[PDB]
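One protein chain, two forms: both are listed below as structure tokens, the first as structure 1 and the second as structure 2.
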Structure 1
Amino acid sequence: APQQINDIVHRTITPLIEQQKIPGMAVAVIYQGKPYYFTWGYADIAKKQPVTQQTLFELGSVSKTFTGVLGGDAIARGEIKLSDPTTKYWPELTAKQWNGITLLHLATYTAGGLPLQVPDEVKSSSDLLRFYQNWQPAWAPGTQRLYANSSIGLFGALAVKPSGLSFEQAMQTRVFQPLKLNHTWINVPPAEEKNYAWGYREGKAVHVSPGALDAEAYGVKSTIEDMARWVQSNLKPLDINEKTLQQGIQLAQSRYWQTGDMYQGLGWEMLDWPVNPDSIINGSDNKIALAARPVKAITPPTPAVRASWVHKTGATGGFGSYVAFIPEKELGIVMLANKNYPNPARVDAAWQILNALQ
């Protein structure tokens, strides 16, 4: 890699790993289109396995960017419309609060206060039906944003219903395979378990627990190489040969809602470039990111703006991830760690690296 990339990456990540006590970390920088990879530390402390470019990390909420693109692809295929009522795809959702809640509201956390977590008590799809039937919105649709796995998770499950495919099968055949994400998984196969890092929470090795809508909201595991390819695919969608996937990527980067200086896409979140770092750094703290905020509708949504900082943070119990890119500069970064450390430390590190390279 160009020494300037090496210099900025090492000077930024080495102190981060020390301050945050991160067992293992992988970073990719995309710079003038090409990827540069960096790895530190341990995927498995007990078995002394190092992090490599083939290590699988839990992406957590970065999985929502795949869900948003997969939904976008279903729109481009004509299988669904974001303007469709939720009840078009789940007719048993007869409770009156669902009148007026569309797939767009589900995809963008604006249905009216669907909760962050699906309750652990919910297992079967009849448990899920009961949960959504009994849920009482705090707000009218399209008035406030509350980040929610129960919101975008339901969007992902419903968006693939016309295809007849399971969510995992739609994701594999329509997103992973066309993009050659051949080491990206919803369920890690036995053959790849040797590469699956452990997460670390309070010093204990942990993996993500099963839960309802987990595949749709936080289910993806991936390598730093596949994630750099994911970023390149989102940086330059028009290089993608499959036409509905190309349009689906663009739909996921459209600006549907505004709160503060942040715009909500499908999975992705965006700010105007150039950004105020304090705005994305403080804004990524869960005290802001997970809070209830009024939104202004973008009527009609703005198509993907090249002069944007596009990003997503992600966590599981044992992992912390971050992806960001600037299409106008052909610049991007992926940070994958097997410890869940504070979001503002992630964004600060990413800002320092990308600002130095732009």
Structure 2
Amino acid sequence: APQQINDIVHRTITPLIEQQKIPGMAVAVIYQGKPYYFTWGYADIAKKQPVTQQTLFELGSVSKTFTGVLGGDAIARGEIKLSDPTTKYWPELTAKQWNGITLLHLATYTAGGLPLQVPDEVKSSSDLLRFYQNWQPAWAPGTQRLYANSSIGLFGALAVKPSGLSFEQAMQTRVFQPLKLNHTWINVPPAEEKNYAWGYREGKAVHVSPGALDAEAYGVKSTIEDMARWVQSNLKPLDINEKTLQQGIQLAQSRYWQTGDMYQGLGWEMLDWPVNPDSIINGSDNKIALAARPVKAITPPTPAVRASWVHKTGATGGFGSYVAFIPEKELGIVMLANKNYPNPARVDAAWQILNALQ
């Protein structure tokens, strides 16, 4: 790597790893389009397996960016529209509260207070129907944003219905394969188990537990190399040769709602660059609370803004991930760790690195 990149990354990440007691970490910096990789520590402490460029990490909620793009691709294919009522694709959802709740609301956490998590008690698909039928919105559709797995999770499941593909088959065939993400998985195959890092929570080795709508909301596992390629793809969608996928990426970065300084896309979240680091790290957008926030509709949605800080944080019980990029600068970062450590620390490190290189 160029010495500037080497220096900025190591001087930022080394103290981070120390301060946060992170067992293993992989970092990719995309600079002028090209990827540079950095690894530290352990994928498996007990078996003394190092983190490599081939190590799989649980992305947690960074998975929502894949779901958002897959949904965008389905829009481009003419299979779904974000203006469609939810009931068009799940007509068994007959309870009145669903009148006026569209696929847009589901994708953008604006349905009226769908809960953060699907209850673990929800095990079957009749359990799932009951859950959504019985849910009572706190607010009218399109008035408040409440970050929710049960919201975008449902969007993902419904978005693939017309295709007749399972969510996993659709994601594999329409997103992973075309982008040559050959080591990115919703379900880790036995062949790849040697590469699957353990997460660490309170000193224990843990992997994500199965749950309803897990694939759609938090279920993807990936390598630092594939995640670098994912960032590249989202930085420059015009290089993508599959028409609907190029267009799906663009739709995922459209600005649908505004809360404070943040704009809600499909999976991706955006702020205008230059960004004041404070907001994302400290004020209202730092993600330590669970926050209900009134939204302003962007009517119509603003197409992908090049001068944006586009990002997504992600966690599982044992993993902490972060992705951020600035399209106008051809600049990006991926940080994958096998410990769930505070979001503000992620954002700070990412800003510190990207700011120095921009």
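Along the sequence of structure 1, residues get numbers from 1 upward. Under this definition, the rigid core comprises the largest set of C-alpha atoms superposing within 1.5 Å between the forms. Residues that one form lacks are left out of the comparison.
After superposition on the rigid core, the single residue among 289, 305, 298, 45 whose C-alpha moves by 2 Å or more between structure 1 and structure 2 is 289. Relative to the superposed core, residue 125 moves its CA by 1.0 Å between structure 1 and structure 2. Shifted segments between structure 1 and structure 2, defined as at least 3 consecutive common residues whose CA atoms all move 2 Å or more after rigid-core fitting, occur once only, at 283-290.
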